[PDB]
Amino acid sequence: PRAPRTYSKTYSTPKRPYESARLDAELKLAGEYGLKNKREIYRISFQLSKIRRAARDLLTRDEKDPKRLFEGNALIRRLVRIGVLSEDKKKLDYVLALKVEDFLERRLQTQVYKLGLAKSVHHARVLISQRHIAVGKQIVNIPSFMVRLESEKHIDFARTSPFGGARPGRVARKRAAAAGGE
Amino acid sequence: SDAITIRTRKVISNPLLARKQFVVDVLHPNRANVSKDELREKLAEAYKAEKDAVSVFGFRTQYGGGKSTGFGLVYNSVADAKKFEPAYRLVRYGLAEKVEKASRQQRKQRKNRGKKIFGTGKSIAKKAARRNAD
Amino acid sequence: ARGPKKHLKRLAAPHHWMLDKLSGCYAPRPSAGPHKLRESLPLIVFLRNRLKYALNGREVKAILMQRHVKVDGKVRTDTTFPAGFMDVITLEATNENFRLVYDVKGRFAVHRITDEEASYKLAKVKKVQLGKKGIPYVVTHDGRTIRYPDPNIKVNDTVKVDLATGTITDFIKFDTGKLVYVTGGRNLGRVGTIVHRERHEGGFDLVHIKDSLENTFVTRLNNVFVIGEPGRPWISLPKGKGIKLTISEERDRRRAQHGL
RNA sequence: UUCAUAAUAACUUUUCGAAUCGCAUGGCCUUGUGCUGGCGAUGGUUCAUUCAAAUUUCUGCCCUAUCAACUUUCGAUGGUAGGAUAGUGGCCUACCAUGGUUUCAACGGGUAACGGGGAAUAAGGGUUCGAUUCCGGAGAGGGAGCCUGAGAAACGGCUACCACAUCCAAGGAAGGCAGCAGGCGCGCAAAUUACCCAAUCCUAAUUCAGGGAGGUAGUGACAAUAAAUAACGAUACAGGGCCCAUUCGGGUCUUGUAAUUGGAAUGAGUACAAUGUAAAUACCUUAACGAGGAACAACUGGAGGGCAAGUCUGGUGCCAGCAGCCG
RNA sequence: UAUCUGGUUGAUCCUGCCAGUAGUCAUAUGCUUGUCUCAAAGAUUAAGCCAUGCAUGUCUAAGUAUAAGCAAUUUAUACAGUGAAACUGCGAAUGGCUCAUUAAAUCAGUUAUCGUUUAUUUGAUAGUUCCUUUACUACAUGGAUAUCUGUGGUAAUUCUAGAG
Ligand SMILES: [Mg+2]
Ligand SMILES: [Mg+2]
Ligand SMILES: [Mg+2]
Ligand SMILES: [Mg+2]
Ligand SMILES: [Mg+2]
Ligand SMILES: [Mg+2]
Ligand SMILES: [Mg+2]
Ligand SMILES: [Mg+2]
Ligand SMILES: [Mg+2]
Ligand SMILES: [Mg+2]
Ligand SMILES: [Mg+2]
Ligand SMILES: [Mg+2]
Ligand SMILES: [Mg+2]
Ligand SMILES: [Mg+2]
Ligand SMILES: [Mg+2]
Ligand SMILES: [Mg+2]
Ligand SMILES: [Mg+2]
Ligand SMILES: [Mg+2]
Ligand SMILES: [Mg+2]
Ligand SMILES: [Mg+2]
Ligand SMILES: [Mg+2]
Ligand SMILES: [Mg+2]
Ligand SMILES: [Mg+2]
Ligand SMILES: [Mg+2]
Ligand SMILES: [Mg+2]
Ligand SMILES: [Mg+2]
Ligand SMILES: [Mg+2]
Ligand SMILES: [Mg+2]
Ligand SMILES: [Mg+2]
Ligand SMILES: [Mg+2]
Ligand SMILES: [Mg+2]
Ligand SMILES: [Mg+2]
Ligand SMILES: [Mg+2]
């Protein structure tokens, strides 16, 4: 018998499964950011809910209370480091005002789309999935990645990738070989 | 443009084992892993030591290729490496030989068979032979 | 269980050895020795984990066998020796000397300490009795039985064993206004001065302790170890001197002292 | 404290107080095998310390009154002395007292009840579960009994009975998987007679030996994490912001639909290697291959309402069937 | 992570339940199933029964060596090297598995042992063993005993009787 390491769920399906307005909003968010499933929105909503439970619990506590100070400013510094909470509103009362779209916006998918190296959101998704974008010389094949403020300046195609400068790849190499042979 | 470059981080001397421990950080673009023997040689002429008193293991080429990381040790003498390292590393490096061991199941079978007999089996063998003689 | 227990599962090990909950089913059970296993520290843990001089069990065994470890001036070639609080670990290679004192987080921190003072050790008096033929003797916390002590040495006191002959060199009398260390509970590693010692007729003496930062707490007397006079500790206190900075103060220390 | 300890008188079918091993074998000269002499290893009485072990104080347990009185001649409550205990103790015996618990639920019955740390669930209060990764307890087919030891009422230790069985030359002998594998049975319900001491440790005279403890692999859609199944052009069929509105209409500005059509990228797979590992898989990296219907083809349920999506086509006609409910 | 909806009626407002809904480190099962990490897993009924194979033996320079075992060479007149077997010593009472019994029982928190045993580990610890000392082995006291050499018995078992 060895000590277990704790697996844990990271999403929560909603209570009403067939809400028309909610379903349309979920499809809008999936199509805006190229989300594969609707489990992605559930995961972001669950992260927002955990952050929000912490925020409300800290709000309930009295002002100028060591728990309030320590954990509140820890949460704010973590969120501004992520980039979802702007530096203007580091107050722990605007932290309740974050929306799911805010965390959606900081995904490596949307960041690659913003930088312009991917001209389409689905293009960003595939380019990430093909091991092309590297966040600071480290290839990331993972669309979400929660890109942080301090490292967004270091997104570019990887050196091993043809875009960053390397051998082209299977299709182009085979066509070059065929052209050289004939 | 191969230029396999090597680094030894967190190096600590240790005359308790007459060794020098470090983590091997090897940067190698446009190339696969570093084929331990070659990097053992690299550390050998890096630290002014023979290729026998140098050991590397626990390597891990990080995600996306390029950098790789392992653990490495440099012993003061080849004899100390012989007398302090595990047998399997001495087998990997060719400085020792795999011991001719029977498999575990057969060893346990023979252990029980020896259990069956009290004392040496020299007497019982001839006793049984002359027993089935008549 | 019918008889003694000789296995210590990894999760059941004290959270001050603070091993990895993975990479192993069991933990080093300290053999019988000078210290309680809940309070002690096995040599394998001190070398493989705290010092990283070794890598695993075989390396620790090879280190201990060739007589490079010297616990309180003695070799102690067994892997799970309970090297406890205030013991001295000497390695002639690297000529290094350690004294085990809790860092204020409450853990057996690596304390590199000088050779000159490493000649001696300090100890708490746990009993003062009269053995056969009328010979007085004193039992310390290590279990050391020192024969023929000073006639006015009492229980809960502290003493300075020379660790070479193993006799009585000097001692400090327990009383108010005296520098003191804590050896258990929430106040692990804390160092202060005894302000008051409420008697509590019937058991479980308590003492109030005020440290240099002028913070105050209270601890059981079993849990207390006089270490010297204020401003003049008899040993070399570890880094931080056990002030127990607040978590916010620790964060401020991380922010201020910071260079990369 | 009658404690530690000391002292006197005595007592013992008189315990211990080194007839034991390794290395180095120095110094004194009483120059001989003479005198002494270091570092250890095993022992060894007692007292401590540690690993503990036994008991032990207060409080806390699920349902049930279609269980209201329960216990004591056979210990039930207490007293004293003795026996036994390692030791307190009706723990047992001898003689006495007649006591102890109970509507604040005793006693009895049930538990498809091992207790707990905890799990699910979540406004707050709670409800249900907890056989199982840690701590305790109990058990080795059901029962009793015991040797050895410091520690067992041990069961991969013995003795006997009961139940179940095995080889048998019919005289006898040997049994204990609720250990790791695996088999029969049971049931809706649960894995390979695999590798190895690499890692965690543990045992021993003790590095070296051993360890189905354990780790590694095999099966594994129990659960849990991230996430492929296409992406972008150039063309034809179109739609919206339009310069106005001679009908136009360029499409002036963009967004889709077409078995048209191009160039790219990439794994899922194979596979030189090397890393990985005790040795191997597998993962990370990576040669060489590996996408056009990119057939490398995603299902599981549903389309009256609850509840997102058809009053389209054919079939059957209160049949077949569907329907958690209304139908 | 403070939410409700369909159904009694010609129609309404209720009480009320049925049903819907979302879980579930709650399993079973059906249909599908490409990847990486991770991992439960004969508990529920049967603590029912088990073939077979393993799951505990251990030697350091340092208890015992005359294996008629190996090495016989640079270290060898008792012995030294290596070392089976056996005696000795120690563990086998740890670990692993299961939840059958058990409802002030276990267990949890908190106490007590001035009410006791404790191999081991660690620290200390003893002149007297003379008994009338003006006759003793202390430069070392005695006998067995395994291993082994040989004879058997039984159909067989970790069965062992006789002799040296
Ligand atoms: Mg056990
Ligand atoms: Mg007394
Ligand atoms: Mg009595
Ligand atoms: Mg039961
Ligand atoms: Mg349980
Ligand atoms: Mg329960
Ligand atoms: Mg059960
Ligand atoms: Mg248990
Ligand atoms: Mg038992
Ligand atoms: Mg059974
Ligand atoms: Mg014993
Ligand atoms: Mg039994
Ligand atoms: Mg068994
Ligand atoms: Mg057992
Ligand atoms: Mg037996
Ligand atoms: Mg089994
Ligand atoms: Mg197992
Ligand atoms: Mg199953
Ligand atoms: Mg499989
Ligand atoms: Mg497919
Ligand atoms: Mg369908
Ligand atoms: Mg249907
Ligand atoms: Mg239909
Ligand atoms: Mg609808
Ligand atoms: Mg409610
Ligand atoms: Mg009605
Ligand atoms: Mg109606
Ligand atoms: Mg319902
Ligand atoms: Mg792959
Ligand atoms: Mg079962
Ligand atoms: Mg033996
Ligand atoms: Mg030998
Ligand atoms: Mg009952």
# chains A, B, ... in the order shown; residues from 1 in each chain; ligands from 1
call {"tool": "residues_around", "arguments": {"residues": "residue A:4", "least_positions_apart": "2", "cutoff": "12 Å", "atoms": "only C-alpha atoms (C1' of nucleotides)", "output": "PDB file with C-alpha atoms (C1' of nucleotides), in the first residue's frame"}}
result
ATOM      1  CA  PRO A   1       0.000   0.000   0.000  1.00  0.00           C
ATOM      2  CA  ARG A   2       1.449   3.305  -1.222  1.00  0.00           C
ATOM      3  CA  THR A   6      -5.398  12.812  -5.236  1.00  0.00           C
ATOM      4  CA  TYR A   7      -7.187  12.953  -8.546  1.00  0.00           C
TER       5      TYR A   7
ATOM      6  CA  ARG C  10       5.775   6.477   5.012  1.00  0.00           C
ATOM      7  CA  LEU C  11       2.595   8.402   5.849  1.00  0.00           C
ATOM      8  CA  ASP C  20       8.052  12.676  -0.155  1.00  0.00           C
ATOM      9  CA  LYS C  21       4.657  10.995   0.227  1.00  0.00           C
ATOM     10  CA  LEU C  22       5.402   9.174  -3.051  1.00  0.00           C
ATOM     11  CA  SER C  23       8.469   7.187  -4.175  1.00  0.00           C
ATOM     12  CA  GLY C  24       8.213   4.724  -1.293  1.00  0.00           C
ATOM     13  CA  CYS C  25       5.777   2.633   0.715  1.00  0.00           C
TER      14      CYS C  25
ATOM     15  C1'   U D 133      -3.823   2.879   0.556  1.00  0.00           C
ATOM     16  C1'   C D 134      -2.992   5.756   7.566  1.00  0.00           C
TER      17        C D 134
ATOM     18  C1'   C E  25     -13.037   7.951  -4.809  1.00  0.00           C
ATOM     19  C1'   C E  38      -2.678   8.406 -13.350  1.00  0.00           C
ATOM     20  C1'   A E  39      -4.999   4.514 -11.108  1.00  0.00           C
ATOM     21  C1'   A E  40      -8.872   1.426  -8.257  1.00  0.00           C
TER      22        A E  40
END
call {"tool": "interface_residues", "arguments": {"of": "chain E", "to": "chain B", "cutoff": "10 Å", "atoms": "only C-alpha atoms (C1' of nucleotides)", "output": "list in words"}}
result
residues 53, 54, 67, 84, 85, 86, 147, 148, 150, 152 and 158 of chain E
call {"tool": "write_last_selection", "arguments": {"atoms": "C-alpha atoms (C1' of nucleotides)", "output": "PDB file, in the first residue's frame"}}
result
ATOM      1  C1'   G E  53       4.651 -22.900  -7.479  1.00  0.00           C
ATOM      2  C1'   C E  54       6.582 -19.353  -4.417  1.00  0.00           C
ATOM      3  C1'   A E  67      33.715 -31.463   3.953  1.00  0.00           C
ATOM      4  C1'   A E  84      29.208 -26.705   1.733  1.00  0.00           C
ATOM      5  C1'   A E  85      27.033 -29.166   6.045  1.00  0.00           C
ATOM      6  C1'   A E  86      25.880 -29.063  11.054  1.00  0.00           C
ATOM      7  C1'   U E 147      28.304 -32.296  11.146  1.00  0.00           C
ATOM      8  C1'   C E 148      30.990 -36.578   9.280  1.00  0.00           C
ATOM      9  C1'   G E 150      29.497 -46.681   7.833  1.00  0.00           C
ATOM     10  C1'   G E 152      19.691 -50.248   8.217  1.00  0.00           C
ATOM     11  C1'   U E 158      11.849 -31.629   6.409  1.00  0.00           C
TER      12        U E 158
END
call {"tool": "residues_near_ligand", "arguments": {"ligand": "ligand 26", "cutoff": "12 Å", "atoms": "only C-alpha atoms (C1' of nucleotides) and all ligand atoms", "output": "PyMOL selection string"}}
result
chain E and resi 8-9+14-16
call {"tool": "residues_near_ligand", "arguments": {"ligand": "ligand 24", "cutoff": "8 Å", "atoms": "only C-alpha atoms (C1' of nucleotides) and all ligand atoms", "output": "PDB file with C-alpha atoms (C1' of nucleotides), in the first residue's frame"}}
result
ATOM      1  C1'   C D 307     -36.644  19.385 -22.373  1.00  0.00           C
ATOM      2  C1'   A D 308     -32.856  21.649 -27.186  1.00  0.00           C
ATOM      3  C1'   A D 309     -34.337  19.852 -31.923  1.00  0.00           C
TER       4        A D 309
END
call {"tool": "select_by_dssp", "arguments": {"residues": "chain B", "states": "strand (DSSP E)", "output": "ChimeraX atom specification"}}
result
/B:5-14,19-27,54-61,67-75
call {"tool": "interface_residues", "arguments": {"of": "chain A", "to": "chain B", "cutoff": "12 Å", "atoms": "only C-alpha atoms", "output": "count of residues only"}}
result
19
call {"tool": "residues_near_ligand", "arguments": {"ligand": "ligand 22", "cutoff": "12 Å", "atoms": "only C-alpha atoms (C1' of nucleotides) and all ligand atoms", "output": "list in words"}}
result
residues 301, 302, 303, 321, 322 and 323 of chain D
call {"tool": "residues_around", "arguments": {"residues": "residue D:94", "least_positions_apart": "4", "cutoff": "12 Å", "atoms": "only C-alpha atoms (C1' of nucleotides)", "output": "count of residues only"}}
result
4
call {"tool": "residues_around", "arguments": {"residues": "residue D:52", "least_positions_apart": "6", "cutoff": "12 Å", "atoms": "only C-alpha atoms (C1' of nucleotides)", "output": "number ranges by chain"}}
result
C: 1-6, 32, 36-37; D: 150-151; E: 117-120
call {"tool": "select_by_dssp", "arguments": {"residues": "stretch 35-196 of chain C", "states": "alpha helix (DSSP H)", "output": "list in words"}}
result
residues 43, 44, 57, 58, 59, 60, 61, 62, 63, 64, 65, 115, 116, 117 and 118 of chain C
call {"tool": "write_last_selection", "arguments": {"atoms": "N, CA, C and O atoms", "output": "short mmCIF file (atom, residue, chain, number, x, y, z; two decimals), in the first residue's frame"}}
result
data_model
loop_
_atom_site.label_atom_id
_atom_site.label_comp_id
_atom_site.auth_asym_id
_atom_site.auth_seq_id
_atom_site.Cartn_x
_atom_site.Cartn_y
_atom_site.Cartn_z
N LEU C 43 19.76 8.66 10.85
CA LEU C 43 20.94 9.11 10.11
C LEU C 43 20.73 9.03 8.61
O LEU C 43 21.24 9.87 7.86
N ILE C 44 19.97 8.03 8.14
CA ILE C 44 19.69 7.91 6.71
C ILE C 44 18.90 9.11 6.22
O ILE C 44 19.15 9.62 5.12
N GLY C 57 19.66 4.11 -0.07
CA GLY C 57 20.01 3.30 1.08
C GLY C 57 21.41 2.71 1.05
O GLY C 57 22.12 2.75 2.06
N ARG C 58 21.82 2.15 -0.09
CA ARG C 58 23.14 1.55 -0.19
C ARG C 58 24.23 2.59 0.05
O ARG C 58 25.24 2.31 0.72
N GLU C 59 24.06 3.79 -0.49
CA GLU C 59 25.05 4.84 -0.31
C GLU C 59 25.15 5.25 1.16
O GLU C 59 26.25 5.46 1.68
N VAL C 60 24.01 5.36 1.85
CA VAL C 60 24.03 5.69 3.27
C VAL C 60 24.71 4.59 4.07
O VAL C 60 25.48 4.85 5.00
N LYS C 61 24.43 3.33 3.72
CA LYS C 61 25.07 2.21 4.40
C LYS C 61 26.59 2.26 4.23
O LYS C 61 27.34 2.09 5.19
N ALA C 62 27.05 2.52 3.00
CA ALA C 62 28.48 2.61 2.74
C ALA C 62 29.10 3.78 3.49
O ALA C 62 30.24 3.69 3.97
N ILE C 63 28.39 4.91 3.58
CA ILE C 63 28.89 6.06 4.32
C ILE C 63 29.06 5.72 5.80
O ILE C 63 30.10 5.99 6.41
N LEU C 64 28.03 5.11 6.40
CA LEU C 64 28.05 4.84 7.84
C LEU C 64 29.06 3.76 8.20
O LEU C 64 29.68 3.81 9.27
N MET C 65 29.24 2.78 7.31
CA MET C 65 30.07 1.62 7.63
C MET C 65 31.55 1.98 7.73
O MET C 65 32.27 1.44 8.58
N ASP C 115 34.11 23.72 14.78
CA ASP C 115 34.79 22.59 15.41
C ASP C 115 35.05 22.86 16.89
O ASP C 115 34.87 21.97 17.73
N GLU C 116 35.47 24.09 17.22
CA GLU C 116 35.88 24.39 18.59
C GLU C 116 34.75 24.12 19.59
O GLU C 116 34.96 23.46 20.61
N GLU C 117 33.55 24.61 19.30
CA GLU C 117 32.42 24.34 20.18
C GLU C 117 31.86 22.93 19.98
O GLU C 117 31.14 22.44 20.85
N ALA C 118 32.18 22.28 18.86
CA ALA C 118 31.66 20.94 18.63
C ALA C 118 32.21 19.92 19.62
O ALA C 118 31.69 18.80 19.69
#
call {"tool": "atom_distance", "arguments": {"atom1": "atom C1' of residue D:293", "atom2": "atom 1 (Mg, counted along the ligand's line) of ligand 20"}}
result
13.8 Å
call {"tool": "residues_near_ligand", "arguments": {"ligand": "ligand 19", "cutoff": "10 Å", "atoms": "only C-alpha atoms (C1' of nucleotides) and all ligand atoms", "output": "list in words"}}
result
residues 218, 219 and 220 of chain D
call {"tool": "interface_residues", "arguments": {"of": "chain D", "to": "chain C", "cutoff": "8 Å", "atoms": "only C-alpha atoms (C1' of nucleotides)", "output": "count of residues only"}}
result
19
call {"tool": "residues_near_ligand", "arguments": {"ligand": "ligand 10", "cutoff": "9 Å", "atoms": "only C-alpha atoms (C1' of nucleotides) and all ligand atoms", "output": "PyMOL selection string"}}
result
(chain D and resi 140-141+176-178) or (chain E and resi 47-50)
call {"tool": "write_last_selection", "arguments": {"atoms": "N, CA, C and O atoms (P, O5', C5', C4', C3', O3' and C1' of nucleotides)", "output": "PDB file, in the first residue's frame"}}
result
ATOM      1  P     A D 140      -7.073 -17.527  15.053  1.00  0.00           P
ATOM      2  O5'   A D 140      -6.914 -18.219  13.629  1.00  0.00           O
ATOM      3  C5'   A D 140      -8.011 -18.900  13.028  1.00  0.00           C
ATOM      4  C4'   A D 140      -7.968 -18.814  11.522  1.00  0.00           C
ATOM      5  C3'   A D 140      -7.000 -19.776  10.842  1.00  0.00           C
ATOM      6  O3'   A D 140      -7.521 -20.139   9.566  1.00  0.00           O
ATOM      7  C1'   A D 140      -6.366 -17.553  10.360  1.00  0.00           C
ATOM      8  P     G D 141      -7.378 -21.648   9.040  1.00  0.00           P
ATOM      9  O5'   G D 141      -8.866 -22.078   8.674  1.00  0.00           O
ATOM     10  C5'   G D 141      -9.784 -21.153   8.112  1.00  0.00           C
ATOM     11  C4'   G D 141     -11.204 -21.594   8.354  1.00  0.00           C
ATOM     12  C3'   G D 141     -11.663 -21.568   9.806  1.00  0.00           C
ATOM     13  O3'   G D 141     -12.116 -20.289  10.217  1.00  0.00           O
ATOM     14  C1'   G D 141     -12.189 -23.662   8.860  1.00  0.00           C
ATOM     15  P     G D 176      -1.082 -26.984   7.196  1.00  0.00           P
ATOM     16  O5'   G D 176      -1.314 -25.509   6.654  1.00  0.00           O
ATOM     17  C5'   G D 176      -1.748 -25.305   5.314  1.00  0.00           C
ATOM     18  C4'   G D 176      -3.169 -24.798   5.254  1.00  0.00           C
ATOM     19  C3'   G D 176      -3.460 -23.573   6.117  1.00  0.00           C
ATOM     20  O3'   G D 176      -4.392 -22.737   5.437  1.00  0.00           O
ATOM     21  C1'   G D 176      -4.927 -25.315   6.712  1.00  0.00           C
ATOM     22  P     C D 177      -3.871 -21.500   4.560  1.00  0.00           P
ATOM     23  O5'   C D 177      -5.067 -20.455   4.637  1.00  0.00           O
ATOM     24  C5'   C D 177      -6.091 -20.447   3.656  1.00  0.00           C
ATOM     25  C4'   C D 177      -5.916 -19.287   2.711  1.00  0.00           C
ATOM     26  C3'   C D 177      -6.901 -19.200   1.557  1.00  0.00           C
ATOM     27  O3'   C D 177      -8.179 -18.703   1.959  1.00  0.00           O
ATOM     28  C1'   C D 177      -4.712 -18.932   0.729  1.00  0.00           C
ATOM     29  P     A D 178      -8.948 -17.492   1.224  1.00  0.00           P
ATOM     30  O5'   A D 178      -8.140 -16.200   1.687  1.00  0.00           O
ATOM     31  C5'   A D 178      -8.747 -14.916   1.669  1.00  0.00           C
ATOM     32  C4'   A D 178      -8.481 -14.153   2.944  1.00  0.00           C
ATOM     33  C3'   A D 178      -7.394 -14.704   3.853  1.00  0.00           C
ATOM     34  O3'   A D 178      -6.092 -14.358   3.420  1.00  0.00           O
ATOM     35  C1'   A D 178      -9.287 -14.109   5.142  1.00  0.00           C
TER      36        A D 178
ATOM     37  P     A E  47     -16.530 -14.888   1.936  1.00  0.00           P
ATOM     38  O5'   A E  47     -16.052 -15.893   3.075  1.00  0.00           O
ATOM     39  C5'   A E  47     -14.992 -15.542   3.958  1.00  0.00           C
ATOM     40  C4'   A E  47     -15.002 -16.389   5.207  1.00  0.00           C
ATOM     41  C3'   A E  47     -16.280 -16.308   6.034  1.00  0.00           C
ATOM     42  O3'   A E  47     -16.510 -17.562   6.674  1.00  0.00           O
ATOM     43  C1'   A E  47     -14.454 -15.534   7.324  1.00  0.00           C
ATOM     44  P     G E  48     -17.865 -18.376   6.388  1.00  0.00           P
ATOM     45  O5'   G E  48     -17.762 -18.775   4.849  1.00  0.00           O
ATOM     46  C5'   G E  48     -16.603 -19.418   4.339  1.00  0.00           C
ATOM     47  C4'   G E  48     -16.958 -20.585   3.455  1.00  0.00           C
ATOM     48  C3'   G E  48     -15.796 -21.459   3.019  1.00  0.00           C
ATOM     49  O3'   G E  48     -15.386 -22.379   4.016  1.00  0.00           O
ATOM     50  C1'   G E  48     -17.137 -20.965   1.150  1.00  0.00           C
ATOM     51  P     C E  49     -13.828 -22.720   4.199  1.00  0.00           P
ATOM     52  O5'   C E  49     -13.523 -23.734   3.010  1.00  0.00           O
ATOM     53  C5'   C E  49     -14.305 -24.907   2.845  1.00  0.00           C
ATOM     54  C4'   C E  49     -13.966 -25.624   1.565  1.00  0.00           C
ATOM     55  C3'   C E  49     -12.489 -25.880   1.321  1.00  0.00           C
ATOM     56  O3'   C E  49     -11.990 -26.995   2.038  1.00  0.00           O
ATOM     57  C1'   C E  49     -13.468 -25.011  -0.644  1.00  0.00           C
ATOM     58  P     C E  50     -10.436 -27.055   2.442  1.00  0.00           P
ATOM     59  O5'   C E  50      -9.701 -27.334   1.058  1.00  0.00           O
ATOM     60  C5'   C E  50      -8.506 -26.652   0.711  1.00  0.00           C
ATOM     61  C4'   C E  50      -8.251 -26.735  -0.772  1.00  0.00           C
ATOM     62  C3'   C E  50      -6.838 -26.427  -1.234  1.00  0.00           C
ATOM     63  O3'   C E  50      -5.937 -27.504  -1.042  1.00  0.00           O
ATOM     64  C1'   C E  50      -8.368 -25.286  -2.612  1.00  0.00           C
TER      65        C E  50
END
call {"tool": "atom_distance", "arguments": {"atom1": "atom CA of residue B:101", "atom2": "atom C1' of residue E:81"}}
result
25.1 Å
call {"tool": "residues_near_ligand", "arguments": {"ligand": "ligand 31", "cutoff": "9 Å", "atoms": "only C-alpha atoms (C1' of nucleotides) and all ligand atoms", "output": "number ranges by chain"}}
result
E: 57-58, 88-90
call {"tool": "closest_atom_pairs", "arguments": {"of": "chain D", "to": "chain A", "cutoff": "8 Å", "atoms": "only C-alpha atoms (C1' of nucleotides)", "output": "Markdown table"}}
result
| residue | atom | partner | partner_atom | distance |
| --- | --- | --- | --- | --- |
| D:133 | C1' | A:1 | CA | 4.8 |
| D:224 | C1' | A:7 | CA | 4.9 |
| D:225 | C1' | A:7 | CA | 8.0 |
| D:226 | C1' | A:142 | CA | 7.4 |
| D:227 | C1' | A:142 | CA | 7.7 |
| D:231 | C1' | A:123 | CA | 5.7 |
| D:264 | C1' | A:171 | CA | 7.3 |
| D:265 | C1' | A:130 | CA | 7.2 |
| D:266 | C1' | A:130 | CA | 5.4 |
| D:267 | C1' | A:130 | CA | 7.4 |
| D:307 | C1' | A:18 | CA | 5.9 |
| D:308 | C1' | A:18 | CA | 5.6 |
